[PDB]
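Before any comments, here is the structure.
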Ligand SMILES: C[C@H](CCC(=O)O)C(=O)O
Ligand SMILES: C[C@H](CCC(=O)O)C(=O)O
Ligand SMILES: [Zn+2]
Ligand SMILES: [Zn+2]
Ligand SMILES: [Zn+2]
Ligand SMILES: [Zn+2]
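Protein chains in written order, with the entry's author numbering: chain B, 35 to 365; chain A, 35 to 361.
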């Protein structure tokens, strides 16, 4: 009946329009508490995030999934404050992203499983806030540690029913190795979203995973450095493909019969310290609408291409509800 | 006249017997808060650290310098709790160690200088606790980022007078490159402790540094895997040299005229999550005295070798006071 948020359980019906891959703040563990002035101030970051979430809410968003892990500087107390003030539901994540510290990198698959279970079953830190999704990452072929993370995520998912979502190098077809490892642990593809899949134009790679039951995370639609060609750091981060090109992958998967496997998001954030210093300012200049980009820009774009509104509502409301609803625990 | 501790400012005379390179808990940023069960529980880690610090206090220790940085999982609230319950002063550190996250690795020398200054001049996190030392690290030739960290540490030291202490690969003579970079920033060697220097047996490396005015950190005296030869991970971390061999480097530098530039410590910890899982139990099994090892074992070892008590008081009381006092 219920999904865990940073404010407690909500019914599946209350989730509504859901962005399945977002960040309040992309940072590092302990960084926001040790150096809040990097973001101007903690209060400034809160105000910026609350305004951004209110803008998404006015455009119809009711829930976001914050896929920031421990090592991406997830601060669940910040998410809770920002969720309350904006009245947008936020689902928090466990797992590990691309910057685990030594204290994570040295751990066994059994130990990592216990850590992920702790954040789902007991709570994150001392807040009692329970994670509602598990996030994992590869950047090409998995390192041995990344394999352990994938297996621990699958084991925690099976034990708790909460879904798994991933970071990929889509152009290296990362989803295929991730799928192989998840299936070796007996995880159902319908409980796995292969994320950053709009970073590639290889439809055959995406449709092969979708045909296997995997969810395809088309989650970075406004990520584009067009017009920023002189900015090496922004170009490397955001790529030189247009948001229209990324958005047309949504239509392509619909046209090929895979609507039920699509999830869409912005992969936006309101603070960003794990990259070059000016990057949040640059991104905000590109996409002032922030997390409202999906409802304000992608939906009207696809509507005029002929995608029916009921199909778009199914992708943005029903598909995330099915994904986030916990399934039965194993045993 | 004042040194910043996790309980506030203290005067120089209050420091007393001081261990200049120690850790309450060797971890990673955010880890103790996110996964306290790794240590049994936060309360169990507190109780273990308080018992261990009380044992060091009974052996004569009055102050320790916790050289855990942000990325070594420094939790200054934990330091404060344990300091208060064992009545041992704890000086906290800023700087960066060998595991900086992306949000640190991407920063400029100017940005890093601002961060180090913040923890010294303003306070750590939202606690108001101010750092009294800057910790830096190399493992062989400095990476480009480590060069930035060394320069930012020099700039923060020059602006505040707080000293700099280093992690080295002593057997690659890292202190020479660290000194070169510090001096290129105009930092005085008397503000710098070249640490882990007991990891090497090359006396000529240490005496040349000391003849340039650097302090020499013989800070890992009880680190030894003798008797643990079937344990690859403990052997790799602790080395196969005896504590006596490390302790004899103290006597050698005294015999060569450098008693006023020696700093001695244990480099012990009460929790340890940044290595293999069993490592803290292993270390405790060979050194139950923990941080009391220096006063309970090294001081009698040197006294039998003929070092007068005045010299040992100078090394354990006078040198740390001079080093930590802001200049
Ligand atoms: C902006 C954003 C946050 C992190 C992520 O999705 O890997 C990104 O993709 O870098
Ligand atoms: C025991 C200790 C803590 C970290 C350090 O001093 O680099 C160590 O030396 O590993
Ligand atoms: Zn990602
Ligand atoms: Zn993301
Ligand atoms: Zn060290
Ligand atoms: Zn140390």
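Heads up, the beta-carbon is just placed ideally off N, CA and C, and yes, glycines get one too.
- Proximity of chain B to residue 64/A at the Cβ level (cut-off 7 Å) is accounted for by 63, 64 and 104, in chain order.
- In this structure the stretch 74-82 of chain B does not touch the stretch 150-158 of chain A; the number of beta carbon pairs closer than 8 Å is below three.
- Relative to ligand 3, the nearest heavy atom lies less than 6 Å away from the CB of residue 201/B.
- Excluding the 5 residues flanking it on each side, residue 46/A has same chain C-beta neighbours closer than 7 Å at 35, 37, 355 and 359, in chain order.
- Residues of chain A whose Cβ lies closer than 8 Å to the Cβ of residue 195/B do not exist, since the nearest Cβ in that chain is about 22 Å away.
- Contact between residue 116/A and residue 57/A is absent: CB atoms are separated by about 11 Å, not below the 8 Å threshold.
- Placement of the Cβ of residue 60/A at a distance of less than 6 Å from at least one heavy atom of ligand 2 is found.
- In the structure shown, residue 171/A falls within a strand segment according to DSSP collapsed to helix, strand and coil.
- Of the heavy atoms belonging to ligand 1, at least one sits nearer than 6 Å to the Cβ of residue 301/B.
- Annotation: Cβ neighbours of residue 310/B in chain A (cutoff 7 Å, chain order): 140.
- If you compare the alpha carbons of 141/B, 304/B and 328/B with that of residue 53/B, the shortest gap goes to 328/B.
- DSSP places residue 223/A in no beta strand (DSSP E); its state is neither H nor E.
- The Cβ of residue 178/B sits no closer than 7 Å to any Cβ of chain A.
- For the 7 Å CB-CB criterion, residue 186/A and residue 143/A form a contact.
- With contacts defined by Cβ atoms closer than 7 Å, residue 258/A and residue 269/A do not form a contacting pair.
- Two segments are said to touch when three or more pairs of C-beta atoms, one from each, lie closer than 8 Å; by this definition the stretch 280-290 of chain B does not touch the stretch 207-219 of chain B.
- Straight-line spacing of the CA atoms in residue 203/B and residue 221/A works out to 45 Å.
- Listed in chain order, the non-local C-beta contacts of residue 262/B below 8 Å within the same chain comprise 268, 269, 272, 316 and 320, local neighbours out to five positions each way being set aside.
- When only Cα atoms are considered, residue 306/B and residue 106/B end up about 10 Å apart.
- Neighbourhood of residue 238/A in chain B, by CB distance below 7 Å: empty, with the nearest CB roughly 33 Å away.
- One finds 137 in chain A with Cβ atoms closer than 7 Å to the Cβ of residue 307/B, taken in chain order.
- When rounded, the separation of the alpha-carbon atoms in residue 120/B and residue 87/B is 6 Å.
- Taking 7 Å as the cut-off, the Cβ atoms of residue 137/A and residue 61/B count as close.
- When C-beta atoms of the stretch 230-242 of chain B are compared with those of the stretch 191-207 of chain B, three or more pairs fall below 8 Å, so the two segments count as touching.
- Taking 7 Å as the cut-off, the beta carbon of residue 123/B is found no closer than this to the beta carbon of residue 299/B.
- Under the Cβ distance rule, residue 69/B counts among the residues neighbouring chain A, one pair being separated by less than 7 Å.
- In the DSSP assignment, residue 286/A falls within the unbroken alpha helix (DSSP H) covering 277-289.
- Legend: CB atoms of the stretch 97-122 of chain B lying less than 8 Å from CB atoms of chain A belong to residues 104, 105 and 107.
- Runs of alpha helix (DSSP H) with 4 or more residues, each lying fully within the stretch 134-165 of chain B, are found at 136-139 and 143-151, listed in chain order.
- Remark: C-beta atoms of residue 63/B and residue 64/A approach each other more closely than 7 Å.
- Between the C-alpha atoms of residue 96/B and residue 51/B there is a straight-line separation of about 5 Å.
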